[PDB]
Structures are given as C-alpha cells and as structure tokens.
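Quick setup: one chain, the form deposited in one PDB entry, written in structure tokens, and binding and motion questions come after.
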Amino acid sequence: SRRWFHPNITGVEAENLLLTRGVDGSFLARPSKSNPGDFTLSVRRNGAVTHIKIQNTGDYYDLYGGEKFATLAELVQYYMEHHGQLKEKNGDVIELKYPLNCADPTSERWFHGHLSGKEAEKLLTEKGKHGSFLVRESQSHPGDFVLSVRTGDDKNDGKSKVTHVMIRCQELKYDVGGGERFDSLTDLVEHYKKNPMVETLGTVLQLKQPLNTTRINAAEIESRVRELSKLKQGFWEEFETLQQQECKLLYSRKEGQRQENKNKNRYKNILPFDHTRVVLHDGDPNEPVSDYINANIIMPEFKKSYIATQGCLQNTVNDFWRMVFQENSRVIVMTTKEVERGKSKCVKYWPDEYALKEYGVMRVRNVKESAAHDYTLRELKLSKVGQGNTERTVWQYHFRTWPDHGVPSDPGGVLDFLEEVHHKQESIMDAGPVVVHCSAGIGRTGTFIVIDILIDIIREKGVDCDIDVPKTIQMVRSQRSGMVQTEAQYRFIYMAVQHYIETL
C-alpha cells in the first residue's frame, strides 16, 4: 500500500503531522477535499513545511515547478533517487528523504468501518471465497476491531466457514490477544498476512485477499453507477482506493532511462516498463540504440492485444512505422488532435490524402480518408522500401472530438468508434496488436483500452457475466505505467460500458 499518501487530511493537519512526527526531509502526499485531480506534496525543511501543488488534467501528473509523471509513486520514487532535482523558485533544493506513513486504516481495501458481524458474515458468505477477509469496528468494545476471514474449499454445505478474531486496542497498540503489539491496524494485518494465525484444531486463517466489493453483474451496471453517484462520491473513493495499489506496480523502466533513448520520450519520466516494452529489431547498426520505442504490449489476462504508445515525436516517426510493421499491426487508434490548447500532442506521422512518403526504411501511401462526425479513417498502405510484396493495409482511426478538458459528455461517439475499430480488426485474419495512442499514451489511451477490454468480455459472455472495473485497470497498469489517469476517465469507463450494454 501507498503509506506516504494520506487521504482525507487537510493542509493544516499535514503541517502538524510533519512538525510533530516528522524531521527535516519528511514528506507526505494528500488529495484536495474538493477536486479530483488536485494533490499536494507537503515537505518539511528548515523547521517548516513547504506545500507543492500537483495537478492531473487527464494525461499525466504535473508537479508545479517540477516534472510530469505517470503516478504519484513514480514521482516520489524519482525525487527520492535524484537529489537536487526538486527546487524552490529561488533555487533551494527541496529534499524528499523520509516518507511519513499514514496510520489511518480508513482507505485500506480490507477496512469496513462500522459494519456488524451479521453483515460481515453475509458479505463473506455471498461475495467471499477462501482467504477473503475484512476488518470492522467492534460494536461491543469501542476502539477495538474484529478480523473476519472466510476459509474453506471453493469447489453451501459446511465446507466453508467464517472465523472472527478480536483485535484489542491497548495503550495505542493493536493485538490479537497474544504475540506482537502493533502501532497500527495496517501493520497488524500485514504481519498476519505474512505469518498466518492457526486455530486449536489446525485451520490456517490465510488472509489471501480483501473481500471484493467492486465486481458486479454487467447487466446491473446502472444500479452500481447509481450507487457510485451517491454523495466525496462513490466513484471518487473507488478510483482513490485503486490508486492506493499503485506501489505494487513500480516495475523497472531501465531501458527508457538510458541516455541513448532520452530523446525518444515525449515526457522524460513517462516510460515503458522493461518487461512489456515493444523491442524493435533489424535496426540501424549506426544508431547507438535502435531497439527502443516508448510503447508497451497490453495483453488482457483474467485473443486481441494492444500496443499502448505515446504520440510520435519528429525523431520517432520512423520507429513508430518500424513497430507497426514488425508487430503486423493493421489498426491504429489515435485519440488526440495533433494540437490541443496550443500544444503539440503528436507529430503528423501519416501522409496527406493520396500522397506517398518514406519514413526511413518504410513507406506509407495514404489511399483514402473517410470523415465521420467523431473520427477520420485513413486507409494507409505500409511497405518496406525495396520490397513491394511486404505491402499491407493499416487502418488509422483518428478520434477528433475528445474535449480539450475532461471527458466527452456522452459515450456514443467513443462507442461507435470502438465498434468500427473492433470490426475492422476482427475482419483481418492474422492482424497483430491494435496500436492505441494519445499524447503521453497513458490517460486517454488507458481509457480507450480498458473500455475495449470490458466490452469484449460482454461480447463473448453476454450481459449476464461478472466484470470488475478496478481489477481490470490494475491489470492494465501492471503493463504500462498509470493507465487511466483521472476520476473523470474512470466514471467515463463505467458510462461507456453501461451504454454499450443498453444499446445491444
């Protein structure tokens, strides 16, 4: 869990935490009470607290007077490992040394607050499986807690059971009636996750996973949207709770950090994970490194795969077409304009209609453009220079109407677009991964990919099937940093899936 992130504290509270429990170099992060997307990094230095604003407008986290990042945990990791980079306006170095840990259990996935033993039994009996657990406040003994764990065989009939374990709070510390006394509920839970309790007759109280509360029956998505809309809101809690799981996803991005690739990244610290990056072959032996593009393979796991990538730079257009060729991709989804709010988001990597251009070893002909309301389709022919028999059609679906701020007011445009993309891809035997990009290749790109993954479950299984939006996003975020950036995008995913279901 992301311990240095304190949900539901004020600025004044943050200052006092850092002044009373911190030292110089201690820091924490916190969200705005009013605004999803606004965050503050609070840092103790020279016996005082400095607050630094962070904003997410949908494409990345933007640290004021600092750099752009895919996640707050990648931001924190960066400044803890690169001394001198975070600076005050007058030049003075702001050091992030010591994460100040949140002791408040409220945001933990396993924490259920005021919840009865009867209610906890019902939740575990209906939704739980072997090793599902939760912690709740004791009704009998104020300040105490109860750990409730389901154990059994998952293949009803007494083969499973719920066990309740009392957690005492004695003199500011937590225990289970013996052994170690913990400074927080979190420390206690983490210890008994690693070191399971055993009953008198041998049952191991395995804390395998927090009770799942977010999985739904897809046909009931409207009721879940209603529930998540209740007022801050359910949607915000859910997206934040998911965000608290991002420290499990700090996978190496060593290749993207190499000096030989520094000019190949649109944003210096938004990098592909090494374990999923697209590796480019047959490269120019004269180039110091020719195997790198800022792109990751996204494979759903619980047929069709994706390449999530950034908007091309002038110097990466040739690499982009090498990738498209190598991976046998026949469909590109572009979800940005070239220029938005005065800023270039993607260089034009395609020729004008009816024109032919060479891009290094590759050539692309733009055969025909077809303009719909929300998108333009460009029928491109890609081939290797010298080898006409390598020609294949690449269909570029360019979504034009995504708003400059926030998300579209309805999902119909995105749904229609994604339906055309899906059918084109499905019609081409042996097509490779669908290439998807925006500007940084994480916010909108993540949103379109996750929508597509969830819709495809419904295509296969019908509307009577389980879907789990945050679970799916965590799986995609394990393959490219920070996929799905904002709460507005998260709500839009639910909106798109709901309206897919409603138009069957």
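In case it trips you up, residue 1 is the first one in the sequence shown, and so on.
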item	value
Gap size between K303 and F302, counted in deposited residues that the entry leaves unmodelled	4 to 9
Deposited but uncoordinated residues in the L231/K232 interval	4 to 9
Mean C-alpha B-factor comparison - 140 to 148 and 252 to 260, higher one	140 to 148
Which of 277 to 285 and 76 to 84 has higher mean CA B factor, as the PDB entry lists it	76 to 84
Member of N90, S132, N318, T241 with the greatest C-alpha B factor (per the PDB record)	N90
Maximum C-alpha temperature factor, selected from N195, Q314, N265, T71	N195
Chain thirds of CA B-factor: placement of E369	middle
For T335, the third of its chain into which the C-alpha B factor falls	lowest
Record-listed C-alpha B factor of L123: chain third	highest
Assigned third (lowest, middle, highest) for the C-alpha B factor of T57	highest
CA B-factor ranking of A218, expressed as a third of its chain	middle
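Another form, the form deposited in another entry, is not on view; read the next lines as being about it.
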{"query": "Test item, rigid-part assignment between the shown form and the other one: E246 alongside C465", "finding": "yes"}
